[PDB]
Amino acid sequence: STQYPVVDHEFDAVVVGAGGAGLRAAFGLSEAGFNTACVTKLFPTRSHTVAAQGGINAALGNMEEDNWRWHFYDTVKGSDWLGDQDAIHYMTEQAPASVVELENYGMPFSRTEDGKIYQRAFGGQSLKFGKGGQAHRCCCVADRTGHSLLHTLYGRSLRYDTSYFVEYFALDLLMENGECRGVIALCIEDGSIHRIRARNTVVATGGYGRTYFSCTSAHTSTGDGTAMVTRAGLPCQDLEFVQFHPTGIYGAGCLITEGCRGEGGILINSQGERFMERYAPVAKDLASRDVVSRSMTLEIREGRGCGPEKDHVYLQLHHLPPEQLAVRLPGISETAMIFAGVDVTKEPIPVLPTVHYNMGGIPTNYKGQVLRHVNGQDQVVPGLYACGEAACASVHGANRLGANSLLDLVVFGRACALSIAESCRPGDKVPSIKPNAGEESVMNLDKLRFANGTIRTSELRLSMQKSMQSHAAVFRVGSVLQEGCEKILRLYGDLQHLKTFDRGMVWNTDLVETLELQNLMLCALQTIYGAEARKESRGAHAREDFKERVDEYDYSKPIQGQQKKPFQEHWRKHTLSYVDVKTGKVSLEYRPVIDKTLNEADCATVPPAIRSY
């Protein structure tokens, strides 16, 4: 009803998100001459990327000599061969240019004796295609590189006539016969509802780590764009692939950077024995995030846990020089003292694996375009793009590399812009939605605003969070996942018993957090059903009933005299997850991963192998 005033807007392009991904897309579209809106539920600078610390990968070769193709090999390997190689070529080749793009904007990178950008070692990175030892290509601004990445882009963004909708909350896509026409949004300030319409729509809403009880991510990481793609009956991809960062702080779960381990910091069990020497003799505590995280967890279950409760590990830095901790790691020094009372220079940080990054999300081309799945084949969704943690081009595959998401952001925000600037022209027929479009998003809004049920928003949130934490952690088993599943499906049913207290139009955060819950649940459902269906161990998804990496071949031996497994008989394939919103039923399907690169001649396909560090 028109209790809610509808206000119609008309743009060439909309970007939903104002993190690095969001910003780079927004002002990239404007630079290209497109009259561009940007919808964000937070003042741009508040977005999660400020929290980023360790750095941004790029083979500038500032410390030693490097090759982007080396970064390529590292990433596909990192991804455990669930990584779409075409997107990983595009990204790694672009990587130097994207980081020079930032520094030339004014990013205050830490420096070397040469005056070039300082880069450091990071988890999972090598020279000469895995054979040449440790690589140093993580570009950084001390251990606060996300903060200044975001503020420099934000700074830049002010040079263009991009229309910003600050503290507006996107509810759904404006969808018409499979084509995306824009977004419908609640203006938090005055409760008003706004249809922003455009030829092209970019979703850059980041991840959904808040599905968990313990996560390094912000309170605002509630998978809201992932949620929107879903209610449009579009698939999400690889949602069960949830990265646990090895070194989250014991108390408040706040991130302590991989940079620590990259700068010489050590992981230690209660015996004092540097245990990563045991699990990965070559890479040690500079191995993959899925492996290090998995090795940490196993040291706990086996009684080598630290502290009174025996439930954590130790990140020793105190052996490094104070002046190195001061210059390289002033941020973590600060927050380890604030949250744990720990002096990094005297005592070790208490650390524990904690949910960090969603490598799953909205499937796309390497060009940024959202894919749907028709008759087991890829189909580009007209007018819909996605980038950053929200998306899934699967450049990260089964396990993200450290300092690759900040890269992901700047490369694919740029890509969505170019794809638009190359496929149409500013001023073109902005397609017209029905006068009654986005009707149901309002009805939903109204039912949630006046909700007088049995269960408060926050109580159902914690229910979901602790259920996801106990049933979909580091290691999972069939039975635990199964109990986990119906438990989440029960909680989806419990949504109809929701209670809201706030009746106001202005800043009804009670209400937005409820819309957020609706979003978190759809991300939860898909993460858990998809997880229970995948009967293998690959990357972050470790099954204790299926320890094997199940490919088309047994890739340990040469593949010659061997039968290639049919598509529906193996697991080297992306999960495509759907949900019927009316009953919360999860349907699931699969598409192949892209193995060929953009050019074999310039960048050779790395076939699957037994992957260890």
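For every residue, the number given is its place in the sequence shown, counted from 1.
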Practice item. Mind pulling up the entry and telling me whether 508-516 or 281-289 has the higher mean Cα temperature factor? Key: 281-289
Exercise for review: Check the entry's C-alpha temperature factors for 152-160 and 325-333, then say which stretch has the higher mean.
Suggested key: 325-333
Check your understanding: From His219, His497, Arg144, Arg195, which pick has the Cα B-factor that tops the rest in the entry?
Key -> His497
Revision key, fill the gap. For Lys557, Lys41, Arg572, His48, the deposited C-alpha B-factor is largest at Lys557
Review point. According to the PDB entry, is the CA B factor of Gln53 in the bottom, middle or top third of its chain, that is, lowest, middle or highest?
Key: lowest
Exercise for review: Check where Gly61 lands among this chain's C-alpha B-factors and tell me if it's the lowest, middle or highest third.
Suggested key: middle
Study note, to complete from the structure: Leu317: C-alpha B-factor third of its chain, per the entry, is the highest
Exercise for review: Could you say whether, by C-alpha temperature factor, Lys346 belongs to the lowest, middle or highest third of its chain?
Suggested key: highest
Revision key, fill the gap. Quick tally, chain-level thirds of C-alpha B-factors: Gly33 sits in the middle
